[PDB]
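Residue numbers (our numbering), protein chains in the order written: chain G, 712 to 753; chain X, 713 to 920; chain W, 435 to 588; chain H, 6 to 203.
Where a beta carbon is used, it is the ideal one built from N, C-alpha and C, also for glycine.
Below is one structure, written out as structure tokens; the observations come after it.
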Amino acid sequence: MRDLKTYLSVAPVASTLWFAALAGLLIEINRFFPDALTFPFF
Amino acid sequence: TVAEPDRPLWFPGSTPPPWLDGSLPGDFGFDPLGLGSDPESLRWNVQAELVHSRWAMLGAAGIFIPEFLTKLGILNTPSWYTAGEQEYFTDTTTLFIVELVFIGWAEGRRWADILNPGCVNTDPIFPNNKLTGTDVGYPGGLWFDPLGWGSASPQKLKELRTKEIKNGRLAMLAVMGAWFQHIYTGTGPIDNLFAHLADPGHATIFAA
Amino acid sequence: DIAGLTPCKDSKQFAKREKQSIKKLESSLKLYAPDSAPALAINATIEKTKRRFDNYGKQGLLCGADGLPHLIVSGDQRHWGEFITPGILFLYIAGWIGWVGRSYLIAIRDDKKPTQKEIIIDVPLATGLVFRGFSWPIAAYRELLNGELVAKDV
Amino acid sequence: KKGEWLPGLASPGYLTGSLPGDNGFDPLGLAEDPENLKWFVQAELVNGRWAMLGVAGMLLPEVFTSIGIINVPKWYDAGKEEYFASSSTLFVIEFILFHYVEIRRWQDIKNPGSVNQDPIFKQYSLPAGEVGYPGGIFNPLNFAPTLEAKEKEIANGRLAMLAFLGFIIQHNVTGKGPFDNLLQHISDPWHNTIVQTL
Ligand code: CLA
Ligand code: CLA
Ligand SMILES: CC(/C=C/C=C(C)/C=C/[C@@]12O[C@]1(C)C[C@@H](O)CC2(C)C)=C\C=C\C=C(C)\C=C\C=C(C)\C=C\[C@@]12O[C@]1(C)C[C@@H](O)CC2(C)C
Ligand SMILES: CC(/C=C/C=C(C)/C=C/[C@@]12O[C@]1(C)C[C@@H](O)CC2(C)C)=C\C=C\C=C(C)\C=C\C=C(C)\C=C\[C@@]12O[C@]1(C)C[C@@H](O)CC2(C)C
Ligand SMILES: CC1=C(/C=C/C(C)=C/C=C/C(C)=C\C=C\C=C(C)\C=C\C=C(C)\C=C\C2=C(C)CCCC2(C)C)C(C)(C)CCC1
């Protein structure tokens, strides 16, 4: 179980998870604020 | 810390795992995935199982008493599931914000004590007041143990605690069943129970 | 106007493009039903198109003879939303990433087997380091004044 | 116990309970260097004193004009009302005067005791206090600059900085005065939040 926690922190798995989460975040941002060319706030 | 070596075992004939000795209450040697083989893992998950069990028991009461006395014309509380929307004096987001502040304070206190035992015991405003329980997850003191009911010496405390953890496991399962029945069917749970009781041999899940 | 570009609210070409695309969509629509799921998807796309064109109208962008929006990055103040404020956002986030990475590298450099922590991350350590990037500008400044950012004697 | 901002969390080794206000709070490691800390203490004190003056002068005029004694504008408007002089003129005067006093403060932070004596009259110096706490003429009432009162000071300054944060975010999202905001939440509160504002 500890060995599993180590394995999950090996480079390919760590990067896979990091980028899947990042992808979900950017996807949802663009689903909420679509077609942005400028910063329309201030 | 009384390593009961031949306790009851969920799977008779097994040989329990080495990390499940017999000390913890409600021990029956069930960890086939080996999710508690490290002592710090085990104590953290002990806290998690405990607090889940108490939350589940509160919830099971709050459903199954009000529903059993709503079917009977005692009260008129709506469906526990549909009670998420029927609106109160305010809306829900603010209600959630005040709940958030209030309960998050308490959970941060419990956090501190889980990671450093007995280091938040007394009150800052009133230092004389002090929680009287000396274990993590069993706070005691006047607030959580004004009846003294809890603090005692083993064979007495150990049994009370095992009883707690078993009631809690059943309550977790109970509210899980309420959820999945009311998502499968479109009914109330007491209706499920009455229908199944009036036709057990036919009013099962295999009705679709 | 600036570089000869007139506003997308006042640009006839900008409008023509909008209505051409909209009714191409609606010509592709007139099928499958007036309520089926394909029709609902196509109508959602139509409404999204209208929202996009109107938002570009609100934000005061510059259009050319093509009828498409152009970008002014010179420093003029009517157009900071185009490049300079998203640029500040980018520089902040990028410095955040790089600062956290350099502090992790420095934190593990004294280990007996440093490569072991490069191919197998120490996740609790990184979890303690992620949030220093929030103030990476001030820290990097006081680290430059300290004579502490640049490895001496290299 | 020199005070904990988190009753479970341990102190940092670089905070010693020496300077007033020490409650052991610096999670982002900003002041794990003594020179950094010497600079940051000063910045905290001075920012806090400016926030104190600013928020008091922002809020008290509001209630004074709201129970009818004098008629003053709102802070987010007062820069527009015409005065006896341009706003450019006042800004330039302000720049020169703040230039002088801030470079004086600078040299005293860099080199305590070196900017004490009057540069015009060769008498009339200052006694040898500490940095961040110039007493003397700047302390006519000769109050005791004791440890108890420095903690008072920095606590008032911190709360004032938070009050400033509040005033500006409030004005930008709601659009009126902070006394407007307060009482209009006061009477009917359970429908007067930041939530209904958003
Ligand atoms: C290639 C030549 C050139 C260059 C270099 C510039 C440069 C500039 N022009 Mg200009 N311009 C040019 C050509 C050029 N222009 C031409 C040919 C024209 C004719 C069309 C114009 C017409 C023009 C106009 C009309 C205006 C400008 C303006 C400006 C300034 C706007 C940017 C600014 O305000 O600073 C930057 C803005 C900031 C808020 C600074 C924040 C940046 C931070 C500090 C950096 C981030 C670093 C990191 C994140 C943190 C630091 C960490 C560190 C401690 C390690 C800028 C200095 C504007 C101006 O005058 O400025 C007021 C303006 O009005 N230009
Ligand atoms: C969140 C619920 C939860 C948690 C945290 C625990 C935790 C624990 N249990 Mg327990 N258990 C539970 C629920 C839970 N249990 C329920 C509902 C039952 C009744 C079926 C049991 C019956 C049981 C027995 C008989 C025994 C334990 C034991 C233990 C301890 C052994 C260590 C371990 O299992 O590793 C860590 C635990 C976890 C990491 C939680 C696992 C969560 C997984 C991922 C859930 C997977 C989904 C699930 C299979 C399907 C859900 C759908 C379903 C509800 C319809 C440990 C502290 C042993 C003990 O000695 O107790 C002291 C023991 O003998 N449990
Ligand atoms: C089922 C469950 C957990 C089950 C976990 C299991 C089986 C894990 C088993 C194993 O891992 C072990 C242990 C060891 C491994 O080696 C082997 C496996 C097999 C992997 C938890 C439920 C836990 C369920 C909980 C905590 C329920 C709480 C409910 C509350 C608070 C109710 C709140 C309400 O208020 C609302 C929100 C609306 C109101 O109107 C009304 C009500 C409904 C009352
Ligand atoms: C200077 C200031 C305010 C000054 C205002 C003034 C003079 C107002 C002036 C005027 O009103 C008058 C009089 C008249 C009006 O007509 C015109 C104006 C012009 C309006 C506020 C500063 C206010 C400054 C603020 C809010 C500072 C916030 C700092 C924070 C939150 C830091 C927290 C942490 O840093 C720790 C402590 C430890 C780290 O490890 C972790 C983190 C979390 C990073
Ligand atoms: C403004 C503007 C402009 C201009 C610009 C320019 C032209 C500038 C510049 C610039 C420059 C000329 C710069 C420089 C540089 C130099 C050097 C020398 C460097 C450096 C850096 C560093 C050193 C870094 C560090 C770090 C950090 C801090 C982060 C993370 C980590 C690291 C380490 C990476 C334009 C028009 C375009 C646009 C508009 C605006």
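Taking the alpha-carbon positions, what's the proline 32 (chain H) to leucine 719 (chain G) distance? When rounded, the separation of the alpha-carbon atoms in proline 32 (chain H) and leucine 719 (chain G) is 28 Å.
For ligand 3, is there any heavy atom lying closer than 6 Å to the beta carbon of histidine 894 (chain X)? Outside the cutoff, so no.
Under 9 Å, CB to CB, which of the residues in the region 98–110 of chain H have a partner in chain W? Of all residues in the region 98–110 of chain H, none comes within less than 9 Å of chain W when Cβ atoms are compared.
For the region 514–543 of chain W, list the alpha helix (DSSP H) runs that are entirely contained and at least 4 residues long, ordered along the chain. Those alpha helix (DSSP H) runs which fall completely within the region 514–543 of chain W and span 4+ residues are 518–542.
CB-CB under 8 Å to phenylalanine 780 (chain X), same chain, minus the five flanking residues each way: which ones, in chain order? Same-chain partners within the cutoff: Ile902.
Quick one: what does DSSP say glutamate 153 (chain H) is sitting in, helix, strand or coil? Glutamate 153 (chain H) falls in the helix class under three-state DSSP.
Between the C-alpha atoms of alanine 48 (chain H) and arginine 163 (chain H), what's the straight-line distance to the nearest angstrom? The straight-line gap from Cα to Cα measures roughly 12 Å.
What residues in its chain sit with their C-beta under 6 Å from that of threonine 789 (chain X), if we drop five residues either side in the sequence? Non-local beta-carbon contacts of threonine 789 (chain X) in its own chain, meaning distances under 6 Å to residues more than five positions away in sequence, involve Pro778, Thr782 in chain order.
May I ask you to list the residues that DSSP assigns as paired with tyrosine 138 (chain H)? Paired residues: H:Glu135.
Ligand 5 and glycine 532 (chain W): does any heavy atom of the ligand fall closer than 6 Å to the residue's C-beta? Result yes, Cβ under 6 Å from ligand 5.
Using a Cβ-Cβ distance under 7 Å, would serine 726 (chain G) count as near chain W? Against chain W, the CB of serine 726 (chain G) has no partner CB under 7 Å away; the residue lies outside that interface.
Run through DSSP, which three-state label would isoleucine 554 (chain W) get? Strand.
Assuming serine 765 (chain X) is part of the alpha helix (DSSP H), what are its boundary residues? Residue range 751–783 is occupied by the alpha helix (DSSP H) that includes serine 765 (chain X).
Starting from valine 832 (chain X), trace the alpha helix (DSSP H) in both directions and tell me its first and last residue. Segment: none, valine 832 (chain X) is in no alpha helix (DSSP H) and carries neither H nor E.
Whole angstroms is fine: what's the gap from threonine 727 (chain G)'s alpha carbon to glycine 535 (chain W)'s? The straight-line gap from Cα to Cα measures roughly 18 Å.
Taking the C-alpha atoms as reference points, what is the distance between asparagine 904 (chain X) and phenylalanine 524 (chain W)? Using only the alpha carbons, I get a separation of about 57 Å.
Below-7 Å beta-carbon distance, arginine 713 (chain G) vs any chain X residue: For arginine 713 (chain G), a Cβ of chain X is located within less than 7 Å of the residue's own Cβ.
Which residues share a DSSP beta bridge with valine 721 (chain G)? Partner(s): W:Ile554.
Taking all protein chains shown into account, do 16 or more other C-beta atoms lie within 10 angstroms of the C-beta of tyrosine 575 (chain W), making it buried, or fewer, making it exposed? Its Cβ having fewer than 16 others within 10 Å, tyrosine 575 (chain W) is exposed.
Is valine 887 (chain X) close to chain H, meaning its C-beta is less than 7 Å from at least one C-beta of that chain? No, because no Cβ of chain H sits closer than 7 Å to the Cβ of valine 887 (chain X).
Quick one: using the 10 Å Cβ neighbour count with 16 as the cut-off for buried, is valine 60 (chain H) buried or exposed? Its Cβ being crowded by 16 or more others within 10 Å, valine 60 (chain H) is buried.
Look at the alpha carbon of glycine 13 (chain H) and the alpha carbon of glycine 830 (chain X), and state the distance between them as a whole number of angstroms. The alpha-carbon atoms of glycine 13 (chain H) and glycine 830 (chain X) are separated by roughly 9 Å.
Take the Cβ of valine 887 (chain X) as the centre, count every other Cβ of all protein chains shown within 10 Å, and call the residue buried at 16 or more, exposed below. Its Cβ being crowded by 16 or more others within 10 Å, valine 887 (chain X) is buried.
Within the present structure, is the beta-carbon of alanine 574 (chain W) separated from the nearest heavy atom of ligand 1 by less than 6 Å? In this structure, the C-beta of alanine 574 (chain W) approaches ligand 1 to less than 6 Å from one of its heavy atoms.
Interfacial residues, the region 530–553 of chain W to chain H, with Cβ spacing under 7 Å: So nothing in the stretch comes that close.
Neighbourhood of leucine 784 (chain X) by C-beta distance below 8 Å, restricted to the same chain and skipping five residues each side: Excluding residues within five positions, none has a Cβ falling inside 8 Å.
Using a Cβ distance threshold of 8 Å, determine whether the region 869–883 of chain X contacts the region 757–769 of chain X, with at least three qualifying pairs required. The region 869–883 of chain X is in contact with the region 757–769 of chain X.
Who are the near neighbours of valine 136 (chain H) in its chain, counting only those whose CB is closer than 8 Å to its CB and skipping five residues on each side? Once the five neighbours on either side are set aside, the close Cβ partners of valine 136 (chain H) are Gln47, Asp113, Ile114, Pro117.
According to DSSP, residues forming a beta bridge with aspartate 847 (chain X): Answer by DSSP bridge pairing, in chain order: X:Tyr850.
Closer than 8 Å at the beta carbon, the chain H residues around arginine 566 (chain W): Near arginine 566 (chain W) (Cβ distances below 8 Å), the residues of chain H are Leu33, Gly34.
Completely contained alpha helix (DSSP H) runs for the region 855–918 of chain X, where each covers 4 or more residues: Segments of the alpha helix (DSSP H) lying fully in the region 855–918 of chain X: 869–896, 901–910.
For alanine 824 (chain X), would you say it is in contact with chain H, using Cβ-to-Cβ distances shorter than 7 Å as the test? At least one chain H Cβ lies under 7 Å of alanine 824 (chain X).
Based on Cα-Cα distance, which residue from W:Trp570, W:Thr483, W:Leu439, W:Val584 lies nearest to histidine 504 (chain W)? The shortest C-alpha separation from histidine 504 (chain W) is found at W:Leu439.
Over the uninterrupted alpha helix (DSSP H) stretch that includes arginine 451 (chain W), give me the two end residues. Taken as a continuous stretch (DSSP letters only), the alpha helix (DSSP H) holding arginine 451 (chain W) covers 446–463.
Among the residues of its own chain, which have a CB less than 6 Å from the CB of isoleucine 775 (chain X), if the five just before and after it don't count? Spatial neighbours of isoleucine 775 (chain X) in its own chain (CB-CB distance under 6 Å, excluding positions within 5 residues in sequence) are listed in chain order as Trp792, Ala890.
How big is the Cα-Cα spacing for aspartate 746 (chain G) and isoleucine 506 (chain W)? Spanning the two alpha carbons is a distance of roughly 18 Å.
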